[PDB]
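Raw contents of entry_0.txt, compact mmCIF, N, CA and C atoms and all ligand atoms:
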# COMPACT_ATOMS: atom_id res chain seq x y z
N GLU A 35 -7.61 18.50 9.99
CA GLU A 35 -8.07 17.49 8.98
C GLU A 35 -7.66 17.85 7.55
N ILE A 36 -7.91 19.09 7.11
CA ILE A 36 -7.57 19.55 5.74
C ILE A 36 -6.40 20.56 5.68
N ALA A 37 -5.44 20.26 4.81
CA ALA A 37 -4.27 21.11 4.62
C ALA A 37 -4.67 22.49 4.10
N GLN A 38 -3.99 23.51 4.61
CA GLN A 38 -4.28 24.90 4.21
C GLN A 38 -3.38 25.35 3.05
N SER A 39 -2.39 24.53 2.72
CA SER A 39 -1.51 24.78 1.59
C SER A 39 -1.09 23.50 0.88
N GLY A 40 -0.60 23.70 -0.33
CA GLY A 40 -0.12 22.61 -1.14
C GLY A 40 -1.25 21.78 -1.71
N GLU A 41 -0.92 20.57 -2.11
CA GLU A 41 -1.89 19.69 -2.77
C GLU A 41 -3.02 19.25 -1.85
N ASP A 42 -4.24 19.28 -2.36
CA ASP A 42 -5.41 18.70 -1.68
C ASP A 42 -5.28 17.16 -1.70
N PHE A 43 -5.42 16.54 -0.55
CA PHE A 43 -5.20 15.08 -0.46
C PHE A 43 -6.16 14.25 -1.31
N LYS A 44 -7.46 14.53 -1.23
CA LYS A 44 -8.44 13.73 -1.99
C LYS A 44 -8.21 13.83 -3.50
N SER A 45 -7.88 15.03 -3.96
CA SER A 45 -7.56 15.23 -5.37
C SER A 45 -6.30 14.48 -5.77
N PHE A 46 -5.26 14.57 -4.95
CA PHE A 46 -4.06 13.75 -5.13
C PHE A 46 -4.38 12.25 -5.22
N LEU A 47 -5.18 11.76 -4.28
CA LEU A 47 -5.41 10.32 -4.20
C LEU A 47 -6.14 9.82 -5.43
N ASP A 48 -7.07 10.63 -5.94
CA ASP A 48 -7.75 10.30 -7.19
C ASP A 48 -6.77 10.22 -8.37
N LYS A 49 -5.83 11.14 -8.46
CA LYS A 49 -4.84 11.03 -9.51
C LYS A 49 -3.89 9.83 -9.32
N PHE A 50 -3.47 9.62 -8.08
CA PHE A 50 -2.57 8.53 -7.70
C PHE A 50 -3.15 7.18 -8.13
N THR A 51 -4.44 6.99 -7.87
CA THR A 51 -5.06 5.68 -8.13
C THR A 51 -5.49 5.54 -9.60
N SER A 52 -5.47 6.63 -10.36
CA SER A 52 -5.96 6.61 -11.74
C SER A 52 -4.87 6.43 -12.80
N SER A 53 -3.60 6.52 -12.41
CA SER A 53 -2.49 6.45 -13.37
C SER A 53 -1.26 5.79 -12.76
N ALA A 54 -0.85 4.66 -13.34
CA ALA A 54 0.34 3.94 -12.85
C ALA A 54 1.60 4.79 -12.93
N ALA A 55 1.79 5.47 -14.07
CA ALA A 55 2.99 6.31 -14.23
C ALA A 55 3.05 7.39 -13.15
N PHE A 56 1.93 8.06 -12.90
CA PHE A 56 1.90 9.08 -11.84
C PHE A 56 2.14 8.45 -10.47
N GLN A 57 1.46 7.34 -10.20
CA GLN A 57 1.61 6.66 -8.92
C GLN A 57 3.08 6.38 -8.57
N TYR A 58 3.82 5.82 -9.52
CA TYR A 58 5.23 5.53 -9.28
C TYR A 58 6.05 6.78 -8.93
N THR A 59 5.69 7.92 -9.50
CA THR A 59 6.42 9.18 -9.20
C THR A 59 6.16 9.69 -7.80
N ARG A 60 5.09 9.21 -7.15
CA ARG A 60 4.70 9.69 -5.83
C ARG A 60 4.90 8.69 -4.71
N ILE A 61 5.86 7.80 -4.89
CA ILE A 61 6.26 6.88 -3.86
C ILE A 61 7.75 7.08 -3.61
N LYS A 62 8.12 7.28 -2.35
CA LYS A 62 9.53 7.48 -1.99
C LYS A 62 10.19 6.14 -1.64
N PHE A 63 10.83 5.53 -2.63
CA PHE A 63 11.53 4.27 -2.49
C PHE A 63 12.98 4.52 -2.08
N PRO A 64 13.57 3.61 -1.29
CA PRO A 64 12.94 2.42 -0.71
C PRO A 64 12.07 2.85 0.44
N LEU A 65 10.99 2.12 0.67
CA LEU A 65 10.06 2.54 1.71
C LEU A 65 10.70 2.43 3.08
N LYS A 66 10.12 3.14 4.04
CA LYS A 66 10.72 3.22 5.38
C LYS A 66 10.89 1.85 6.04
N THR A 67 9.92 0.97 5.86
CA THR A 67 9.98 -0.36 6.49
C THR A 67 10.27 -1.41 5.42
N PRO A 68 11.40 -2.13 5.56
CA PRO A 68 11.67 -3.17 4.57
C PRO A 68 10.78 -4.40 4.76
N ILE A 69 10.80 -5.28 3.78
CA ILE A 69 10.09 -6.54 3.86
C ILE A 69 10.91 -7.44 4.79
N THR A 70 10.28 -8.01 5.81
CA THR A 70 10.94 -8.92 6.77
C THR A 70 10.29 -10.30 6.70
N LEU A 71 11.11 -11.30 6.38
CA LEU A 71 10.67 -12.71 6.26
C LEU A 71 11.54 -13.63 7.16
N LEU A 72 11.04 -14.79 7.60
CA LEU A 72 11.87 -15.79 8.33
C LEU A 72 12.59 -16.65 7.30
N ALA A 73 13.87 -16.88 7.50
CA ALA A 73 14.60 -17.83 6.65
C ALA A 73 14.11 -19.27 6.88
N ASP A 74 14.46 -20.16 5.96
CA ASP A 74 14.10 -21.57 6.11
C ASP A 74 14.67 -22.18 7.41
N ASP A 75 15.85 -21.72 7.83
CA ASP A 75 16.45 -22.13 9.11
C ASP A 75 15.53 -21.96 10.32
N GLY A 76 14.52 -21.10 10.20
CA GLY A 76 13.46 -20.98 11.20
C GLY A 76 13.81 -20.05 12.35
N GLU A 77 14.93 -19.34 12.23
CA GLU A 77 15.38 -18.42 13.30
C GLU A 77 15.78 -17.04 12.78
N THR A 78 16.44 -16.98 11.63
CA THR A 78 17.00 -15.73 11.15
C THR A 78 15.97 -14.92 10.39
N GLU A 79 15.75 -13.68 10.78
CA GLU A 79 14.90 -12.79 9.99
C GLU A 79 15.74 -12.15 8.90
N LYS A 80 15.20 -12.10 7.69
CA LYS A 80 15.92 -11.56 6.57
C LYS A 80 15.08 -10.39 6.07
N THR A 81 15.75 -9.27 5.82
CA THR A 81 15.08 -8.10 5.29
C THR A 81 15.44 -7.93 3.84
N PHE A 82 14.48 -7.38 3.11
CA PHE A 82 14.67 -7.02 1.73
C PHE A 82 14.12 -5.61 1.55
N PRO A 83 14.87 -4.72 0.89
CA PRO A 83 14.37 -3.36 0.70
C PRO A 83 13.07 -3.35 -0.08
N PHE A 84 12.13 -2.50 0.33
CA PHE A 84 10.87 -2.39 -0.37
C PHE A 84 11.05 -1.34 -1.48
N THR A 85 11.42 -1.83 -2.65
CA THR A 85 11.81 -1.00 -3.77
C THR A 85 10.74 -1.03 -4.87
N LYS A 86 10.97 -0.21 -5.90
CA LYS A 86 9.96 0.02 -6.94
C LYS A 86 9.50 -1.25 -7.61
N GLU A 87 10.42 -2.16 -7.87
CA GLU A 87 10.05 -3.38 -8.58
C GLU A 87 9.09 -4.27 -7.75
N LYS A 88 9.05 -4.09 -6.44
CA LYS A 88 8.17 -4.86 -5.57
C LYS A 88 6.80 -4.23 -5.33
N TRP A 89 6.64 -2.97 -5.72
CA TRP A 89 5.42 -2.22 -5.41
C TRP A 89 4.16 -2.73 -6.11
N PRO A 90 3.13 -3.12 -5.33
CA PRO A 90 1.81 -3.37 -5.94
C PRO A 90 1.02 -2.08 -6.13
N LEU A 91 0.64 -1.79 -7.37
CA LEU A 91 -0.14 -0.62 -7.67
C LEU A 91 -1.50 -0.66 -6.98
N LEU A 92 -1.86 0.47 -6.38
CA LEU A 92 -3.10 0.63 -5.60
C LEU A 92 -4.17 1.35 -6.41
N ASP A 93 -5.36 0.75 -6.47
CA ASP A 93 -6.46 1.34 -7.23
C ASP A 93 -7.47 2.05 -6.37
N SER A 94 -8.43 2.71 -7.00
CA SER A 94 -9.38 3.56 -6.27
C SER A 94 -10.28 2.75 -5.35
N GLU A 95 -10.66 1.55 -5.78
CA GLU A 95 -11.51 0.70 -4.98
C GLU A 95 -10.82 0.30 -3.67
N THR A 96 -9.53 0.00 -3.75
CA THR A 96 -8.76 -0.39 -2.60
C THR A 96 -8.65 0.75 -1.59
N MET A 97 -8.56 1.98 -2.08
CA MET A 97 -8.32 3.12 -1.22
C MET A 97 -9.60 3.71 -0.62
N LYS A 98 -10.75 3.10 -0.87
CA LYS A 98 -12.03 3.60 -0.35
C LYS A 98 -12.17 3.20 1.12
N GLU A 99 -12.73 4.10 1.93
CA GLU A 99 -13.07 3.76 3.31
C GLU A 99 -14.42 3.09 3.32
N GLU A 100 -14.49 1.88 3.86
CA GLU A 100 -15.73 1.15 3.87
C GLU A 100 -15.66 -0.06 4.79
N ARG A 101 -16.83 -0.62 5.01
CA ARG A 101 -17.00 -1.78 5.83
C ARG A 101 -17.79 -2.79 5.01
N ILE A 102 -17.19 -3.96 4.80
CA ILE A 102 -17.76 -4.99 3.97
C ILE A 102 -18.16 -6.15 4.86
N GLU A 103 -19.47 -6.43 4.91
CA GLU A 103 -20.01 -7.55 5.67
C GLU A 103 -20.29 -8.67 4.70
N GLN A 104 -19.50 -9.73 4.77
CA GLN A 104 -19.61 -10.85 3.82
C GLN A 104 -20.57 -11.89 4.33
N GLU A 105 -21.34 -12.47 3.42
CA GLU A 105 -22.24 -13.56 3.79
C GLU A 105 -21.50 -14.73 4.43
N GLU A 106 -20.27 -15.00 3.96
CA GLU A 106 -19.42 -16.08 4.53
C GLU A 106 -18.77 -15.78 5.88
N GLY A 107 -19.03 -14.61 6.45
CA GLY A 107 -18.81 -14.39 7.89
C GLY A 107 -17.82 -13.27 8.20
N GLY A 108 -16.96 -12.95 7.25
CA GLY A 108 -15.96 -11.94 7.52
C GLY A 108 -16.50 -10.52 7.45
N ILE A 109 -15.89 -9.62 8.21
CA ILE A 109 -16.12 -8.19 8.06
C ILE A 109 -14.79 -7.55 7.74
N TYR A 110 -14.69 -6.97 6.55
CA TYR A 110 -13.45 -6.35 6.08
C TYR A 110 -13.61 -4.82 6.22
N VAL A 111 -12.65 -4.16 6.86
CA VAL A 111 -12.77 -2.75 7.16
C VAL A 111 -11.54 -2.03 6.62
N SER A 112 -11.78 -0.92 5.94
CA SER A 112 -10.73 -0.05 5.44
C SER A 112 -11.04 1.36 5.89
N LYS A 113 -10.02 2.03 6.41
CA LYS A 113 -10.22 3.35 7.00
C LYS A 113 -8.91 4.09 7.13
N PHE A 114 -9.00 5.42 7.13
CA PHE A 114 -7.88 6.27 7.51
C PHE A 114 -7.82 6.29 9.05
N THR A 115 -6.79 5.64 9.58
CA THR A 115 -6.58 5.57 11.03
C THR A 115 -5.85 6.79 11.55
N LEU A 116 -5.15 7.48 10.66
CA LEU A 116 -4.58 8.80 10.94
C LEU A 116 -5.01 9.70 9.81
N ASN A 117 -5.58 10.84 10.16
CA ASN A 117 -6.06 11.77 9.16
C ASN A 117 -5.72 13.21 9.57
N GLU A 118 -4.45 13.57 9.43
CA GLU A 118 -3.96 14.89 9.77
C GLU A 118 -3.66 15.68 8.49
N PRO A 119 -3.58 17.01 8.61
CA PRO A 119 -3.35 17.82 7.42
C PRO A 119 -2.19 17.40 6.52
N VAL A 120 -1.06 16.98 7.08
CA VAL A 120 0.13 16.64 6.25
C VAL A 120 0.58 15.19 6.40
N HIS A 121 -0.25 14.37 7.04
CA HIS A 121 0.14 13.00 7.41
C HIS A 121 -1.11 12.16 7.54
N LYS A 122 -1.22 11.13 6.69
CA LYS A 122 -2.35 10.24 6.72
C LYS A 122 -1.90 8.78 6.70
N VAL A 123 -2.66 7.91 7.35
CA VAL A 123 -2.39 6.49 7.36
C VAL A 123 -3.71 5.75 7.08
N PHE A 124 -3.66 4.90 6.06
CA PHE A 124 -4.79 4.10 5.63
C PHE A 124 -4.49 2.64 6.00
N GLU A 125 -5.47 1.98 6.61
CA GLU A 125 -5.35 0.60 7.05
C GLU A 125 -6.56 -0.20 6.60
N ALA A 126 -6.31 -1.44 6.15
CA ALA A 126 -7.38 -2.33 5.75
C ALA A 126 -7.11 -3.75 6.21
N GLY A 127 -8.18 -4.47 6.54
CA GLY A 127 -8.07 -5.85 6.96
C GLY A 127 -9.39 -6.38 7.51
N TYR A 128 -9.41 -7.68 7.77
CA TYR A 128 -10.57 -8.31 8.41
C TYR A 128 -10.63 -7.94 9.89
N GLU A 129 -11.82 -7.62 10.38
CA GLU A 129 -12.01 -7.40 11.82
C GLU A 129 -11.57 -8.66 12.54
N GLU A 130 -10.78 -8.47 13.59
CA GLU A 130 -10.31 -9.55 14.47
C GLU A 130 -9.09 -10.30 13.90
N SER A 131 -8.59 -9.87 12.74
CA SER A 131 -7.36 -10.39 12.15
C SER A 131 -6.34 -9.24 12.13
N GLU A 132 -5.08 -9.57 11.89
CA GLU A 132 -4.07 -8.56 11.63
C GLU A 132 -4.42 -7.86 10.31
N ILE A 133 -4.05 -6.59 10.21
CA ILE A 133 -4.31 -5.82 8.99
C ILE A 133 -3.55 -6.44 7.84
N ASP A 134 -4.07 -6.30 6.63
CA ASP A 134 -3.34 -6.74 5.43
C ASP A 134 -2.84 -5.61 4.54
N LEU A 135 -3.13 -4.36 4.89
CA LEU A 135 -2.60 -3.19 4.16
C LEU A 135 -2.49 -2.01 5.11
N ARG A 136 -1.34 -1.33 5.10
CA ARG A 136 -1.18 -0.05 5.75
C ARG A 136 -0.36 0.80 4.80
N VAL A 137 -0.90 1.97 4.45
CA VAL A 137 -0.21 2.91 3.58
C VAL A 137 -0.09 4.25 4.30
N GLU A 138 1.13 4.77 4.34
CA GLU A 138 1.42 6.02 5.02
C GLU A 138 1.75 7.08 3.99
N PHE A 139 1.02 8.20 4.05
CA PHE A 139 1.14 9.31 3.13
C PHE A 139 1.63 10.54 3.89
N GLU A 140 2.55 11.27 3.28
CA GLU A 140 3.04 12.50 3.88
C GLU A 140 3.11 13.57 2.81
N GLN A 141 2.72 14.78 3.20
CA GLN A 141 2.83 15.91 2.33
C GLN A 141 4.21 16.51 2.59
N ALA A 142 5.03 16.48 1.55
CA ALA A 142 6.42 16.88 1.66
C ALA A 142 6.58 18.41 1.66
N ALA A 143 7.80 18.88 1.91
CA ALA A 143 8.08 20.32 1.97
C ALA A 143 7.73 21.06 0.68
N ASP A 144 7.79 20.37 -0.46
CA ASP A 144 7.34 20.91 -1.74
C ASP A 144 5.80 21.01 -1.91
N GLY A 145 5.01 20.51 -0.95
CA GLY A 145 3.53 20.57 -1.00
C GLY A 145 2.89 19.39 -1.72
N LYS A 146 3.73 18.46 -2.16
CA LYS A 146 3.22 17.28 -2.86
C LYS A 146 3.06 16.11 -1.89
N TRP A 147 2.05 15.29 -2.14
CA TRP A 147 1.84 14.08 -1.36
C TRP A 147 2.64 12.91 -1.93
N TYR A 148 3.20 12.13 -1.02
CA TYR A 148 3.90 10.91 -1.34
C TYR A 148 3.52 9.79 -0.39
N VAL A 149 3.61 8.58 -0.91
CA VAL A 149 3.64 7.40 -0.05
C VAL A 149 5.06 7.24 0.46
N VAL A 150 5.20 7.16 1.78
CA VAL A 150 6.51 6.97 2.41
C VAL A 150 6.70 5.62 3.07
N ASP A 151 5.62 4.88 3.31
CA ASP A 151 5.74 3.55 3.86
C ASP A 151 4.51 2.74 3.52
N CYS A 152 4.69 1.44 3.50
CA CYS A 152 3.59 0.55 3.22
C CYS A 152 3.89 -0.83 3.80
N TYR A 153 2.87 -1.41 4.42
CA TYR A 153 2.84 -2.82 4.74
C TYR A 153 1.79 -3.40 3.82
N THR A 154 2.14 -4.46 3.12
CA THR A 154 1.15 -5.20 2.34
C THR A 154 1.22 -6.69 2.59
N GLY A 155 0.05 -7.31 2.74
CA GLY A 155 -0.05 -8.75 2.90
C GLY A 155 0.53 -9.55 1.73
N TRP A 156 0.76 -8.92 0.57
CA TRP A 156 1.48 -9.61 -0.52
C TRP A 156 2.83 -10.15 -0.03
N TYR A 157 3.46 -9.39 0.86
CA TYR A 157 4.72 -9.74 1.45
C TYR A 157 4.61 -9.92 2.97
N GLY A 158 3.58 -10.64 3.39
CA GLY A 158 3.34 -10.90 4.81
C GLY A 158 4.43 -11.70 5.48
N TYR A 159 4.41 -11.66 6.80
CA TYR A 159 5.40 -12.39 7.55
C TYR A 159 5.16 -13.88 7.33
N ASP A 160 3.94 -14.28 6.91
CA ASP A 160 3.65 -15.71 6.63
C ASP A 160 4.14 -16.21 5.28
N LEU A 161 4.74 -15.33 4.49
CA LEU A 161 5.29 -15.77 3.21
C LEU A 161 6.64 -16.47 3.33
N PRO A 162 6.74 -17.71 2.81
CA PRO A 162 8.04 -18.37 2.81
C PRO A 162 9.02 -17.60 1.96
N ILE A 163 10.24 -17.45 2.44
CA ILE A 163 11.27 -16.70 1.74
C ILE A 163 11.50 -17.26 0.33
N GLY A 164 11.33 -18.58 0.17
CA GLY A 164 11.47 -19.25 -1.12
C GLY A 164 10.41 -18.87 -2.15
N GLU A 165 9.32 -18.26 -1.70
CA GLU A 165 8.24 -17.82 -2.57
C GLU A 165 8.31 -16.32 -2.89
N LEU A 166 9.28 -15.60 -2.32
CA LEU A 166 9.38 -14.15 -2.54
C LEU A 166 9.55 -13.79 -4.03
N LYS A 167 10.47 -14.45 -4.72
CA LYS A 167 10.68 -14.14 -6.15
C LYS A 167 9.42 -14.30 -7.00
N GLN A 168 8.72 -15.41 -6.82
CA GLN A 168 7.50 -15.64 -7.58
C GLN A 168 6.37 -14.69 -7.17
N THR A 169 6.32 -14.30 -5.90
CA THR A 169 5.34 -13.32 -5.44
C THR A 169 5.56 -11.98 -6.13
N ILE A 170 6.81 -11.57 -6.20
CA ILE A 170 7.16 -10.33 -6.90
C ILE A 170 6.70 -10.38 -8.37
N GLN A 171 6.88 -11.54 -9.01
CA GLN A 171 6.42 -11.72 -10.38
C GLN A 171 4.88 -11.66 -10.47
N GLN A 172 4.18 -12.22 -9.49
CA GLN A 172 2.70 -12.14 -9.44
C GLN A 172 2.25 -10.69 -9.34
N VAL A 173 2.94 -9.92 -8.51
CA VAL A 173 2.66 -8.48 -8.38
C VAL A 173 2.89 -7.75 -9.70
N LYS A 174 3.97 -8.10 -10.39
CA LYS A 174 4.20 -7.55 -11.73
C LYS A 174 3.04 -7.81 -12.70
N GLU A 175 2.52 -9.02 -12.67
CA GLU A 175 1.39 -9.41 -13.52
C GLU A 175 0.11 -8.66 -13.13
N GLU A 176 -0.15 -8.51 -11.84
CA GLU A 176 -1.25 -7.64 -11.39
C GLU A 176 -1.08 -6.20 -11.87
N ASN A 177 0.16 -5.72 -11.83
CA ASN A 177 0.46 -4.38 -12.26
C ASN A 177 0.27 -4.21 -13.76
N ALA A 178 0.56 -5.24 -14.55
CA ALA A 178 0.24 -5.23 -15.98
C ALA A 178 -1.27 -5.09 -16.23
N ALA A 179 -2.08 -5.81 -15.46
CA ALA A 179 -3.52 -5.65 -15.53
C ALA A 179 -3.94 -4.21 -15.16
N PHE A 180 -3.40 -3.70 -14.07
CA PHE A 180 -3.69 -2.32 -13.64
C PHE A 180 -3.41 -1.33 -14.76
N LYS A 181 -2.28 -1.51 -15.43
CA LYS A 181 -1.86 -0.57 -16.45
C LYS A 181 -2.73 -0.63 -17.73
N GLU A 182 -3.49 -1.71 -17.93
CA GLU A 182 -4.43 -1.78 -19.05
C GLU A 182 -5.58 -0.81 -18.88
N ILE A 183 -5.96 -0.54 -17.63
CA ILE A 183 -7.06 0.37 -17.36
C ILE A 183 -6.66 1.70 -16.72
N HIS A 184 -5.46 1.78 -16.15
CA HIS A 184 -4.98 2.99 -15.47
C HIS A 184 -3.52 3.29 -15.84
N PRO A 185 -3.24 3.57 -17.12
CA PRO A 185 -1.84 3.81 -17.49
C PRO A 185 -1.20 5.02 -16.79
CL CL B 201 -24.22 -9.63 4.35
Translate the structure of the given file into structure tokens.
Amino acid sequence: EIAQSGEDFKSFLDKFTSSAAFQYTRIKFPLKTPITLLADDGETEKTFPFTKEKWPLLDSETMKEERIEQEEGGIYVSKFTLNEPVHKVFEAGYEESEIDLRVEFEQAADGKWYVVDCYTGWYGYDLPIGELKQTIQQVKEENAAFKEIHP
């Protein structure tokens, strides 16, 4: 569960979520899994590299493990589904739905933690390819908000 050398994961994650500049330094772009969307033709899958300009900054609230029971009926669950000394995977989503976030963390040979892959519902398979550019701009605007409180 806990690494015997290098960076402590919980301490890393607190720094990662508290500073945008630091966060960007600890993501290995392009991520392992590219963004995959269906073309308008309705048959061809198109991939786009998951690069720095597309990254939605992750805050401390998002990275908390918890179970949210909503009055309107949903149960939203976030948890580390893999929790090994040098390899962790965080998943979040509504119970009985597909997940809307998966973040994969690995402690590299230098002892530092990095994000090496991510699935985010911002770029879900349900996103029309024609909306990708504007979605990326929306993420930029969210990131501007993040940077007002977590530079
Ligand atoms: Cl409730």
Name all residues at most 8 Å from region 42-56 of chain A (count all atoms listed in the file; drop same-chain ones fewer than 5 positions away) and give them as a PDB file with N, CA and C atoms, keeping the file's coordinate frame.
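Listed below is the output, result.pdb:
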ATOM      1  N   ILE A  36      -7.910  19.090   7.110  1.00  0.00           N
ATOM      2  CA  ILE A  36      -7.570  19.550   5.740  1.00  0.00           C
ATOM      3  C   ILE A  36      -6.400  20.560   5.680  1.00  0.00           C
ATOM      4  N   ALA A  37      -5.440  20.260   4.810  1.00  0.00           N
ATOM      5  CA  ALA A  37      -4.270  21.110   4.620  1.00  0.00           C
ATOM      6  C   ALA A  37      -4.670  22.490   4.100  1.00  0.00           C
ATOM      7  N   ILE A  61       5.860   7.800  -4.890  1.00  0.00           N
ATOM      8  CA  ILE A  61       6.260   6.880  -3.860  1.00  0.00           C
ATOM      9  C   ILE A  61       7.750   7.080  -3.610  1.00  0.00           C
ATOM     10  N   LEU A  91       0.640  -1.790  -7.370  1.00  0.00           N
ATOM     11  CA  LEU A  91      -0.140  -0.620  -7.670  1.00  0.00           C
ATOM     12  C   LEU A  91      -1.500  -0.660  -6.980  1.00  0.00           C
ATOM     13  N   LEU A  92      -1.860   0.470  -6.380  1.00  0.00           N
ATOM     14  CA  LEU A  92      -3.100   0.630  -5.600  1.00  0.00           C
ATOM     15  C   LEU A  92      -4.170   1.350  -6.410  1.00  0.00           C
ATOM     16  N   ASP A  93      -5.360   0.750  -6.470  1.00  0.00           N
ATOM     17  CA  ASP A  93      -6.460   1.340  -7.230  1.00  0.00           C
ATOM     18  C   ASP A  93      -7.470   2.050  -6.370  1.00  0.00           C
ATOM     19  N   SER A  94      -8.430   2.710  -7.000  1.00  0.00           N
ATOM     20  CA  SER A  94      -9.380   3.560  -6.270  1.00  0.00           C
ATOM     21  C   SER A  94     -10.280   2.750  -5.350  1.00  0.00           C
ATOM     22  N   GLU A  95     -10.660   1.550  -5.780  1.00  0.00           N
ATOM     23  CA  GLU A  95     -11.510   0.700  -4.980  1.00  0.00           C
ATOM     24  C   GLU A  95     -10.820   0.300  -3.670  1.00  0.00           C
ATOM     25  N   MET A  97      -8.560   1.980  -2.080  1.00  0.00           N
ATOM     26  CA  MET A  97      -8.320   3.120  -1.220  1.00  0.00           C
ATOM     27  C   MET A  97      -9.600   3.710  -0.620  1.00  0.00           C
ATOM     28  N   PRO A 119      -3.580  17.010   8.610  1.00  0.00           N
ATOM     29  CA  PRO A 119      -3.350  17.820   7.420  1.00  0.00           C
ATOM     30  C   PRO A 119      -2.190  17.400   6.520  1.00  0.00           C
ATOM     31  N   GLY A 145       5.010  20.510  -0.950  1.00  0.00           N
ATOM     32  CA  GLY A 145       3.530  20.570  -1.000  1.00  0.00           C
ATOM     33  C   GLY A 145       2.890  19.390  -1.720  1.00  0.00           C
ATOM     34  N   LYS A 146       3.730  18.460  -2.160  1.00  0.00           N
ATOM     35  CA  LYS A 146       3.220  17.280  -2.860  1.00  0.00           C
ATOM     36  C   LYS A 146       3.060  16.110  -1.890  1.00  0.00           C
ATOM     37  N   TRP A 147       2.050  15.290  -2.140  1.00  0.00           N
ATOM     38  CA  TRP A 147       1.840  14.080  -1.360  1.00  0.00           C
ATOM     39  C   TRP A 147       2.640  12.910  -1.930  1.00  0.00           C
ATOM     40  N   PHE A 180      -3.400  -3.700 -14.070  1.00  0.00           N
ATOM     41  CA  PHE A 180      -3.690  -2.320 -13.640  1.00  0.00           C
ATOM     42  C   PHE A 180      -3.410  -1.330 -14.760  1.00  0.00           C
ATOM     43  N   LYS A 181      -2.280  -1.510 -15.430  1.00  0.00           N
ATOM     44  CA  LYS A 181      -1.860  -0.570 -16.450  1.00  0.00           C
ATOM     45  C   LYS A 181      -2.730  -0.630 -17.730  1.00  0.00           C
ATOM     46  N   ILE A 183      -5.960  -0.540 -17.630  1.00  0.00           N
ATOM     47  CA  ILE A 183      -7.060   0.370 -17.360  1.00  0.00           C
ATOM     48  C   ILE A 183      -6.660   1.700 -16.720  1.00  0.00           C
ATOM     49  N   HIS A 184      -5.460   1.780 -16.150  1.00  0.00           N
ATOM     50  CA  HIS A 184      -4.980   2.990 -15.470  1.00  0.00           C
ATOM     51  C   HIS A 184      -3.520   3.290 -15.840  1.00  0.00           C
ATOM     52  N   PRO A 185      -3.240   3.570 -17.120  1.00  0.00           N
ATOM     53  CA  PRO A 185      -1.840   3.810 -17.490  1.00  0.00           C
ATOM     54  C   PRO A 185      -1.200   5.020 -16.790  1.00  0.00           C
TER      55      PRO A 185
END
Discussion item. Using all atoms listed in the file, which protein or nucleic acid residues come within 7 Å of region 102-116 of chain A? Drop anything in the same chain fewer than 2 positions from it, and give the result as a list in words.
Written reply: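 Selected residues are residues 98, 99, 100, 118, 121, 122, 123, 124, 125, 126, 127, 128 and 129 of chain A.
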Discussion item. Just the number, please: distance in Å from CA of residue 96 (chain A) to CA of residue 135 (chain A), one decimal.
Written reply: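 Between CA of residue 96 (chain A) and CA of residue 135 (chain A) the gap works out to 9.6 Å.
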Worksheet item: If you measure from atom N of residue 149 (chain A) to atom C of residue 179 (chain A), what distance in Å do you get, rounded to one decimal?
Response: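 Distance between the two atoms: 20.6 Å.
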Item to complete: Could you give me, as an MDAnalysis selection string, each residue of chain A that DSSP assigns to alpha helix (DSSP H) when run on this structure's backbone?
Response: chainID A and resid 43:52 54:59 166:183
Discussion item. I'd like to know which residues of region 41-166 of chain A are strand (DSSP E or B) (by DSSP, run on the backbone); could you write them as a PyMOL selection string?
Written reply: chain A and resi 61+69-72+79-82+100-103+109-118+121-128+135-141+147-154
Discussion item. Let me make sure I understand: among A:70, A:174, A:164, A:35, which one has the smallest atom-to-atom distance to residue 88 (chain A) if we use only N, CA and C atoms?
Written reply: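 Going through A:70, A:174, A:164, A:35 one by one, the smallest distance to residue 88 (chain A) is for A:174.
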Generate the missing atoms of region 152-158 of chain A up to N, CA, C and O atoms and report them as a PDB file, in the coordinates of the input.
ATOM      1  N   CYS A 152       4.690   1.440   3.500  1.00  0.00           N
ATOM      2  CA  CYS A 152       3.590   0.550   3.220  1.00  0.00           C
ATOM      3  C   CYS A 152       3.890  -0.830   3.800  1.00  0.00           C
ATOM      4  O   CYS A 152       5.028  -1.310   3.738  1.00  0.00           O
ATOM      5  N   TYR A 153       2.870  -1.410   4.420  1.00  0.00           N
ATOM      6  CA  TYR A 153       2.840  -2.820   4.740  1.00  0.00           C
ATOM      7  C   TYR A 153       1.790  -3.400   3.820  1.00  0.00           C
ATOM      8  O   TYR A 153       0.670  -2.881   3.736  1.00  0.00           O
ATOM      9  N   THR A 154       2.140  -4.460   3.120  1.00  0.00           N
ATOM     10  CA  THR A 154       1.150  -5.200   2.340  1.00  0.00           C
ATOM     11  C   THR A 154       1.220  -6.690   2.590  1.00  0.00           C
ATOM     12  O   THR A 154       2.300  -7.279   2.647  1.00  0.00           O
ATOM     13  N   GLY A 155       0.050  -7.310   2.740  1.00  0.00           N
ATOM     14  CA  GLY A 155      -0.050  -8.750   2.900  1.00  0.00           C
ATOM     15  C   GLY A 155       0.530  -9.550   1.730  1.00  0.00           C
ATOM     16  O   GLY A 155       0.710 -10.735   1.856  1.00  0.00           O
ATOM     17  N   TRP A 156       0.760  -8.920   0.570  1.00  0.00           N
ATOM     18  CA  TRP A 156       1.480  -9.610  -0.520  1.00  0.00           C
ATOM     19  C   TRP A 156       2.830 -10.150  -0.030  1.00  0.00           C
ATOM     20  O   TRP A 156       3.273 -11.192  -0.484  1.00  0.00           O
ATOM     21  N   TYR A 157       3.460  -9.390   0.860  1.00  0.00           N
ATOM     22  CA  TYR A 157       4.720  -9.740   1.450  1.00  0.00           C
ATOM     23  C   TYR A 157       4.610  -9.920   2.970  1.00  0.00           C
ATOM     24  O   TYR A 157       5.450  -9.463   3.742  1.00  0.00           O
ATOM     25  N   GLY A 158       3.580 -10.640   3.390  1.00  0.00           N
ATOM     26  CA  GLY A 158       3.340 -10.900   4.810  1.00  0.00           C
ATOM     27  C   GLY A 158       4.430 -11.700   5.480  1.00  0.00           C
ATOM     28  O   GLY A 158       5.266 -12.368   4.836  1.00  0.00           O
TER      29      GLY A 158
END
